[PDB]
Structure formats: C-alpha cells, structure tokens
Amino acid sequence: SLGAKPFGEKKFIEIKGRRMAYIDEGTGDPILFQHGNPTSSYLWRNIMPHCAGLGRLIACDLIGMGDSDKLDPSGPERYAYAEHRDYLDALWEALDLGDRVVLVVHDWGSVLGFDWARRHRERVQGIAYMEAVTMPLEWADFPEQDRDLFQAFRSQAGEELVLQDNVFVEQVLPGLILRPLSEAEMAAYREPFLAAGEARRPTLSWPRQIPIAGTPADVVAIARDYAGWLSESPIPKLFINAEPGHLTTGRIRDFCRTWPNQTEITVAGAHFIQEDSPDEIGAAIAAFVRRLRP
C-alpha cells in the first residue's frame, strides 16, 4: 500500500571513517535497492514489503544522504560520482552480499548500480531498473521543461538554488511525483537537508555530474561502458517503464528496449514513480525475483 512509515530499522556501519546508514532485513540472497537524488532508502519503503521472504532486503543511504554521515569538510569538489562510488563500493563489500545479487535501481542509483554490475558481473543475478540513466545523455533527451532548471544547477546559480533554497528537495521532487505527498512523507525527504549550506551539497553535486553532452568526461565514460555492456549482457532484466515517465523515454528508452533477456511492464508515474505506483512496482519485482529464485 501507500504509507509514510519506513521499512525496517536503520542500521549503521563505519565506512572510510564515516557512518553510513542502511536497511538490511531477512536472510538469503540480497535484493539490493538503490535510491538516487535527492532521495534515500525511504524511497523504497512501500516496495520492499512485496519482496518479504524472497531474500535479504537491503536499501543503502548514499553518503551525505538519508541517515548517512555528511562528508566533512564539504565543498563544490565533494560528492562527485567517483566519491559516492568509493563509499558505496566499500559499503557493499562490507555487507557481504555474496554472488547472486538482484539489483533494483533508480536515478543516480542506476548509474551506481549499472556501473557496479558491470564491474561485478559474475555476482549479479538480475537487474530491475526504472527512470534510469541508460546511456550518456544529450540535451535533447532531457525532458523539455527540466532543461533550463538543470542547466541552472550546472551553472554558478546552482548554489543559491540548492544550498540556499533546497530546490531539488522542495521543487524537483514533488514536481516529478503525480500524487500529492503527505506532510510526513515530505518531512522524511527533507530531514537530511533541513540546514541551509553544505548539508544540501549532495543534491547539487548530483545534477552537476549527470553525463550530458560529453560532460563530465569521467561519468560519460562510465555510462558509455555500462550501456555497451548491458546491451550485450544475458543477465535477466526487468525494465519498469512509466507513463508519462520522465527521464527514461524517447531515445534512452528506445536504447534500453534493445537490452537482451528483458521483461517490461508499464506503471503510472513521472520520475519518482515509487511514490505513484509502489504496489505495481513491488509486485513486478517480486514476480521477477520468484522466477530467478524458483
């Protein structure tokens, strides 16, 4: 169902001298849920219950996000993709995931998850993805009404928009969910980001890292790498398409629809589709996992 209550209890682990927070419930092979910007493990709260008893249910808060520690000192050079990956790689190593992981990814969680999967192909049993970065982007893939705002994040105006005014959390997030959020739901999303300034840096560093029109060159290459790999990998896949959807439409959806061994369903939603169709998403992922783990 819908609901504002989180799934399980937050656990904490020391990684590269910082505390990272994660949910880890049940036993068996992991079903690993990865949020992106500006969200947290909370994004998956009404989806994870659908996988009850199908394995070990895990949702990690990225560094600087959810209940995970802020980097100190933070600044414009902090929270780049490479830095997030170092912390997540280390957390995933520490969680002892074994070699039959099912990944469930969204947004920046898809860039991180697709990259990890390419680098650890032998350990990946299945990949479920939605509203994901399926390949390097051009401004033309970028939803038309988002172009000016994201270009602004990727300019000097970004600090005032995000660090001062919390635009990603307060405007982009509800703007890309079709149903109205409750007070409690917004409270959960704004909590990691209540303080103006560097506390909000991850939500600004992320839009600056999106691989668009060749920049930044390092994230473009990582995305180019996994796009080529996924288009050839026989690993089973579940593509959860959205209507109207947002990011994974047009060219980049045309692209991910060429991926082998893929089941697709369509659900209602824009970008943060977890808030619009949690039960349909959860049911689809559960069915996917059941078939992978008969």
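Numbers follow the displayed sequence, beginning with 1.
*Asks:* Could you check which stretch, 234-242 or 66-74, carries the larger mean CA temperature factor in the entry?
*Replies:* Mean C-alpha B-factor is greater for 66-74.
*Asks:* Comparing 268-276 with 18-26, which stretch shows the greater average C-alpha B-factor in the deposited entry?
*Replies:* Mean CA B-factor is higher for 18-26.
*Asks:* Looking at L204, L112, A157, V169, which has the highest Cα B-factor in the entry?
*Replies:* Among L204, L112, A157, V169, the PDB entry lists the largest C-alpha B-factor for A157.
*Asks:* Relative to the other modelled residues of the same chain, rank the CA B-factor of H106 and answer lowest, middle or highest third.
*Replies:* For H106, the deposited C-alpha B-factor lands in the lowest third.
*Asks:* Going by the CA temperature factor in the PDB record, which third of the chain does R118 belong to: lowest, middle or highest?
*Replies:* It falls in the middle third of the chain.
*Asks:* Lowest, middle or highest third of the chain for the C-alpha temperature factor of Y189?
*Replies:* Its C-alpha B-factor belongs to the lowest third of this chain's values.
*Asks:* Determine, from the deposited record, the chain-internal third of the Cα B-factor for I210: lowest, middle or highest.
*Replies:* According to the entry, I210 has a C-alpha B-factor in the chain's lowest third.
*Asks:* Lowest, middle or highest third: where is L163 by C-alpha B factor in its chain?
*Replies:* Middle third.
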